[PDB]
Every structure is written in C-alpha cells, then in structure tokens.
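Okay, structure first, notes after.
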C-alpha cells in the first residue's frame, strides 16, 4: 500500500526509536542527588571535599556514578519549579552549626539557625517528597567548639538546661533537627558531623545511597 | 462403577481448570501489556504463558478419565499430547527457581545490578530455563507406546537401568535443586533485609512463607508417589493401591498452578490500576 | 560537501574490479546512497541503492547477481564490487545522496563521476530530441509515461534535472511542483496524470544542455531519453 | 506396561 | 532618590491607565456573537465533518 | 517622608478613579445577551492517534503552520518533531540541558526554539546543507528560569522568564532590543496577537498586562484572579483573551472595555488549570486541568459540553491546529493524544 518514499521514512523512524531507547537506557545507571542549604551553610566546602542557573557535578566512588544538582543561585519562587525533582534518589542538606550566635543580614531579630530549621521543615514535609531520603550534614564544628566556651547556647534556645559542653550541645541540635519529621515510617534522616579536614563523607553518602537502592529494588519486585 | 478418589480428583480438576484458565488469561494479558519497559514483567510473563498452556490441555484428560480409561483419540495423539503437559510444569518450577535466584542476586551485590543489568540477560535466563525442561521431557517422548486390548503409556520392555536412572535424575534435580535454592535464597534475603532498620518490612516474610509452604506441600505427594511407583514391581498389591490413589495424587499438583498467579494478583502494587490501563 | 569517486580503469572482457567513493562535509551515516550509470553518448540509468542502517538493498535486473554494494560509516566510504563484466558495462558511474522524510529533497548532490571501459516497468518517453533557441524566449519540454504517477496520498513522483556539457547533473524540480535549492525562479514545472511540462521563461548561456525526467513510484527507477537544447 | 502417568 | 523615582513611575503609570476610552459591554457581546455566528460554518469541531474529508479517519 | 505619603495618596485616588470609571460602563452581562442562542449538542471526540516514544515527563508542545507537524519537549533531554497524519518521527534533537519547560516552532518551518531553567534560549536550524540539526544562537541575559518563548517573525523572538521581566531579542545580533518591566512576581505565559503587534502576559501576582512591540511599554492591566495564572490565549478575532489560574476558575476578558465578561468554574472541580486554548470559530473553549482529564465549554453560555477523559496523569500542554481539524493533548505519563 505504501509508496517507495514512505518505507524509507518508516525505517528512519524505527532507527530514531532504537537510538532513543538505547540512549534512555543509559540514564538509569546514574544516582541523582539534590543539594540544598541556607546559602552560607558551606555548600562549596562539601562539594570540593567529595569531588576529586543550575550547577551540575559528576563524580564516581566504587563503581557508582553520581549526578549532583545545586540550585542555590535560582533566587526564584520555589514552589513553581520544585516539582521537577520528583525521582531524585536523595537530598543532601548542609547546615553550619557555628551560626547560632550570628543573625541574618536581612533581619537582626531573626537568626540563621531558625531560618535553616524553617527551610528544613518546608522541604521535609512537601507533597512531592513523601518517600525521599534526607542526609543532614553539620559542618564547621571546630569553630563551634571554640566558640561555645565564650558564649552560651541559651540565646538560640531559651528552654535549654545543659552542662554547656560540646557533646550535649551537638546531641541537642541533632535531636532538634530530627524532631521536625512528620512521617517516621516511610522517610529516613541520616545525620553526620564533619569539619573542614576529613575523608569519610563520601562513605556516608555511599552507605545511604546503597540503602535507598536496596529499598527501591525490594519495592519494585513486590517483595517489599 | 467409580471409586472414592476419582470423584474428588475430578471435582478438583474442574475447579482448577476454570480458575486457572481465567487467572492465567488475565495475568498474561496484563503482563504482556507492560513487557517492553519493565524488566520484572518478563519474568512472570513466561510463567503465566507456561501455566496457561499446562491448564489448557486439562479437558482432554478430563474426558479420558470420565469414560473409564477410554482413549478415543489415536496412537499419534497419546505420544505427544500427554507428554506436552509434562514440560509445562518443569518449566514453571525452573522459572520459580530462577526468579528466586534473581531476587537474591538483586539484594546482595546491588552496585553490580545497577550497572550490568538488562532485559537481554533476563531473556537469556528465561530461554535457558525453558530449554532445560526439554532434556527431561525427551525420555517421555522416546518411550511411550499404545496397546490395543485401548490404553497408552510408557513401556520399558527389557529396560530397567534406564528407567531407574531417568527416575532418579528427574526426582533429584527437579525437586531437590529448586527447593534448596528457594530455601537458602529466601533465608538469606530475609536475614539481610531484617539486618537494617531502613529496609525492614513484614510483607516479605508473609510472601516468602506462603510461596515456600505452597510449593512444598503441593509438590511433595506427587514426587513421593511417583518414585515409589517407578521403583516397585507391578505385581504387588501396594502397586495396585498406588494406582488407586494416582488420580488424586496428580489432582493435588495443579493446585500450585492455580495458586501461582493469585499471589501476583494479590501481592502486587496497583493491579486494578494496571488492569484499567490496558 | 563533496563526494570523490575512484577505482575506474581499463579491464579485460572477463574480470572483476571495485569502485570506491569518499564523502567530506556532511553526516554520511544518515544519507542513503544511489549508483547511477551513464553510457557514452547515450542516456543514464539506475544501478543500485543502499539505505541508511544497511537494512534495504536494491539492485537492477540487468546487474542482479553480478554487482555488490557495501558501506563503511566509520570511514565514510561506499564500495561497489563487480565480479562479472560483459562488453556493455562501459560507462561513467556517479554516486548520489538521498534523504527521505516529509519535506525532504532526494537526489540533491551528484558529485563527480568515474569512467570504466571494457575492451511492470514504467516507460518514460520524451518525443522531443533537439530544439533550437535564441536567448530571450520561453521553452517548453514534455515528458510522458505509461502509468499514472499520482498516488493515493496525493503526491506525484516526477523529477526534472539538467546536465551541462562536461559537467555532472544537477537537480531542478522534485515531485513535479517544487523548486530545488540554489536554482533560479525562471524554471517551472507542471502537469497532470501522465503528461508533464517543464517551462523556462528566460534563457541565458548557462541553460544549454540536456534535460531528463524520472519517476519514483516503484523500483527499478526508469529514466527518459534526454532532451537537448542548442543555441 | 503402567496405565496412566509415571 | 530611588524611592521617589519609583513612586513617580507608579503615579505616571496610573496617569496613563486613567486616560483610556470605554464602551458598553453590550457592544462587545454583540461583536462576539456576530463573529461566532459568521464563522460557525467552517468549524470541523463544532459541526463534525464527513469521513470523506477527514484526514484523521 | 511627606512626599512619599502624598504620592501614595495620589496613587490611591487614581486607583479609585479607575475603579469608578470601570464600574461606570458596566450595563449588561454576556449571559443575558447570549441567553437566547441555541445550545450546542453533546460533543463526542475519539482518540484518533496516540504518539509514543518519550520515556520521561513531557512539558510543552507547539503546532506547525501546515497543521501536519508538531514539536514536543521532554525531561529526558529530547525535542521530538512528529508527523501527525502518519504517526512518524522526523527529527530528534538532543539537549545540553535536560531541564526544559517550553518550546516554540517557527511559522516558516525553519527554526525551533527551546529553553528553561538555565537562563539560556537556544535556536536550532532544521534545514541544513550538512544534513544534521545544529544550534544557531544562544540568547543569554536573563537571571531566572525561562517560562515562555514565541517567534515574533523569522528573525525576532519574544521571551518571558522568571525574573519578572520580558524581553524582545534579535537573533542575528544576539542582543536584546526591548525590555518590558512592571510585574512583581514571576511571569508564566504570554500570547501573541494575530496581527503581530501586541501581546499579553500573565504573572504570579494574579495579574495580566498588555504590551506593544513597537513602543515597548505597557498599555493596560487586568486583575481579578485569586492565585497564580498558568496559561493565556487570544481570541481568534483578537479583541479578547482567556486566562486560567490555580484557583479552579477560567476568565474571559475584553480589550476595549477592561471588565470581566464571563467566568467558568464548577463546584465539583477544586483543582487548578494548566493550559487553555480556543477553537477556530471561537464558539468552543478547551481547558486542561490536573485532575487527569480535560474539559470543554461553550464560550458564550458557560456550560460543559464534553469531557476528553483519556489520560492517566496531569495534563500539561494542549494545542489546536490552525485549520481546526483536530486537537492535541500531552500529559505527565509520556503520551500525546490526538482528538478529532
């Protein structure tokens, strides 16, 4: 029925379909991570530690290929473009715990710690991230331990009664971050403490990603 | 006149025939709809096809049973058709074993499964599983005759060693190997799944226990009766009792064929949505 | 964009030889290739066609079983192998590009030619063989066939092109209504059913040559006897 | 000879 | 002088926006009705075309 | 200061004067005038063709001039040109950035424009002597994600981005020639008038603004919505336009009189609107919600007259051919459907 110049078009369409499928098979071998924060939290330091409009980063660790997205420079309305990151494997959230004393430039009354907690609450309880894993990095702890002796922690939290040491303060901050979750069943939060000099953040990320991959594989087969 | 086991076996084949035909048709349609983009689907597709082909030949055996062991079909038919429903059970058994191995290899070593997994490997594994049943089926093809007294069956005239060897190999492989693989893989998968707080769940235990228990209970009588029938001389009253119970013993195996798609229908995510999609 | 052909020499009445052509300046892997043979002081006829992806290969009846085509996309080279040669296989061979999708213009580039010397089907008829002309007057050329070229989809598969003296053919009109790229608007084409006309309004010194019409309903592609214009 | 399966 | 400049820009915009003519809504409704009635004949979706002239059959 | 307060008071009293002048000219509603026109019967549409090949989320599509070809953009980093009548693929263009949110097809069928979430608008040339598809120009200069782009002519383009500004470019030079400002929130969509002289745009501050290409400065502003505006489209006549918002309501405006003509909403729908399109005769209006189906209205009486419920996810893009022969719908399930 078809003429001589339609069979060639059909063959061209078939070749296009084959190449498109072959190229799309390769995009499922990538582990996608979304990096967020509060501006001065220390994104750049963590990025240069784990590495040998929108910013994209590649790296590899033990035969695993990572795809890191940084969107800190958007400065736009987040609810209008946050739905593009639906199938992200994990979220990486960086916080500088040495900024409890300081306050934001925009408002002297509002401190950076409360802003970070509010943004964490907004991201965690979104309708698009019901079953998305969150990794929480707390960076620059050496300045925090050097500054905790001069100034008390009661400025940020007036309802705190502790020995004002490093361990208790770190545990209290960790618990305060962990308590904002509202699912506790299908969502998991991983917390870690780090300074400028370290070599074990990539291992933490690798373990969390391995757990997420195992959960996804179990859920796909129906055994979960 | 008829006997007690025959009526129960007949009723079971009727119920299993209807339920299996319906379920297998629905499952094969649903899984063939989405067999191009999902790697998991093409595992169960072959199993559903094999199960449907096994259940489709039941009514002919039904009418060969109701007529008091009468065979109004012909010598050619008995040399193929009865031996065509034997491959479609070993194929299902080997497919279950392969699926268990695949799940174990997904849970352990997941980085290798993220990089070097494709649909081609699954198709090759399915083809190997299908082909391995032909080797077991060939001795059924090669040693079946028809007697006009009309009966038709296996006749190992002057042949004893080959019968013993084929029975032993059939039993040991087709029962011990998949059962051991199932048990070991599922025990290890449960231990590693419950070893971390992130991946723990209660559905895995239920599914694993259901599958293993159904397989074991529904396949033990067939093998235990068949091996004794193969070993024991026909001139013995115990052989007569085994022949009396043979219809019911065969009747207790197809219930596994009935059960197999029910688990996928019930323990699957959004089965109704997938049905409405197609 | 350029196509260079080589491998053509003098052969005995019985023997074998291979011709090669190399591309430079375009995506070779996405273009189908045609081989065209022109006899000395005669017309030109189709030989073979190879498609993108090496899926479809078509030969002519007169060369079936003796000619082989091959393609190398890594190196961008087309080969043609001749295992048995008669005395009638003395001609000049050209290589033609082709692309096929909605809105495409196949038979756009012809490249150069290589000389080789040896020591049902739709009939395309052009009654006119020579026409004298003085610059500044219109000229009409007619082409007719044996079967209607109109298809159920609404397209008519007729092609008009030109050959200058001592030069390679160049496409003029494709699908009997569309003007090609790089050609002046003086040329026009029309027709219906079996009859087709090509009209030139104003003639210059570069319009002298031989004109050919071709059909593309089905394989093999059949060519018409050329229509010469003399000053 | 064994009537039926086996 | 940025704040007063922005205020001047806004008040100039309000000067412009308050210097336009207006017509009755009935006239616009009648114009829309007239266009719809005039061009309702050549709408394949409004009046289904026969399968002979439908390219998507 | 005192000057700021007096200028704010002046602005308030100009706003009051504008409101009074607008209310002065309101005499009748469209429903009363169109209360005698016979109603169109139940419209039945069937999925004639289904286009497949995308393996990710589809975000935008645009029809051609000959009503045969269309272009679609997906998050898999691909831009695909189709053939509606034969269901074939003509061109598949890879993208350097996979975060696409819009696409545009040139009226002459020579170039295709694409951009989003990267502050860059890329122009791709379709008719190339080399035989492939190559990028011709990368327009940069925006400080936010690009929301919409439309070809003004074969050499001019109009872009709307997330930095509350609109721009008119010049492809051969690569520099902006006119910038439109005045929006407080991000700008989501724009539509071009049929005479290629004016265009309207909608912002997240629940407002729409009319702009003139030549002068390059605003003329009129329309308000009335209660949430973000997601889609906008002109009437075929050019004297009206329809707006869709996230508060489950569509509105139809007028140019000569800056008023609300008719509103389209129902009690059973509490979901937003993503795309809005018109018909060739202007009698028929189509809107695609995110409740997994589209909806159809009579533009003169505000009554539903058919449901194109055939999708399994949110409808994002909807288009109508120039000759009005068929409509096309895309969604988040990586499927395009043609209805006739």
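Throughout, chain B uses Swiss-Prot numbering, with the displayed residues spanning 32-180, 186-314 in order.
Per deposition record, electron microscopy, 2.8 Å.
Here the Cβ of each residue, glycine as well, is placed from N, Cα and C on the backbone.
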* What does Swiss-Prot say: are residue B:148 and residue B:238 on the same side of the membrane? -> yes
* **Intrachain neighbours beyond the topological domain 'Cytoplasmic' (B:133-153), with Cβ under 8 angstroms and 6 or more residues off its ends** => 70, 73-74, 221, 224-225, 228-229
* Could you list the residues of the same chain, at least six apart in sequence, whose Cβ is under 8 A from the Cβ of residue B:188 (disulfide bond)? => B:102, B:106, B:109, B:110, B:113, B:175, B:176, B:177, B:178
* Folded-back contacts onto the transmembrane segment (B:70-93), same chain, C-beta under 8 angstroms, at least six residues removed -> 41, 44-45, 47-48, 51-52, 55-56, 58-59, 62-63, 104, 112-113, 115-116, 119-120, 122-123, 126-127, 129-130, 133, 148-150, 153-154, 157, 160-161, 290, 293, 296-297, 300
* Structure fact -> Per the Cβ filter (under 8 Å) with a sequence gap of at least 6 from its ends, the transmembrane segment (B:283-303) is approached by 36-37, 39-40, 43-44, 47, 50-51, 54-55, 57-58, 75, 78-79, 82, 85-86, 89, 96, 120, 123, 239, 243, 246-247, 250-251, 254-255, 257-258, 261
* Cα separation of residue B:180 and residue B:186 (whole Å), the pair that brackets 5 residues absent from the deposited model -> 6
* Structure fact -> Simplified to three states, DSSP reports residue B:314 (phosphoserine) as coil
* Asked: Using a Cβ-Cβ cut-off under 8 angstroms and a sequence gap of six or more, which residues of the chain neighbour residue B:314 (phosphoserine)?
  -> B:60, B:61, B:64, B:65
* **Contacting positions for the topological domain 'Extracellular' (B:266-282) when only residues 6+ beyond its ends and CB under 8 Å are counted** => 34, 36, 199-200, 203
* Asked: According to DSSP, which of helix, strand or coil covers residue B:109 (disulfide bond)?
  -> helix
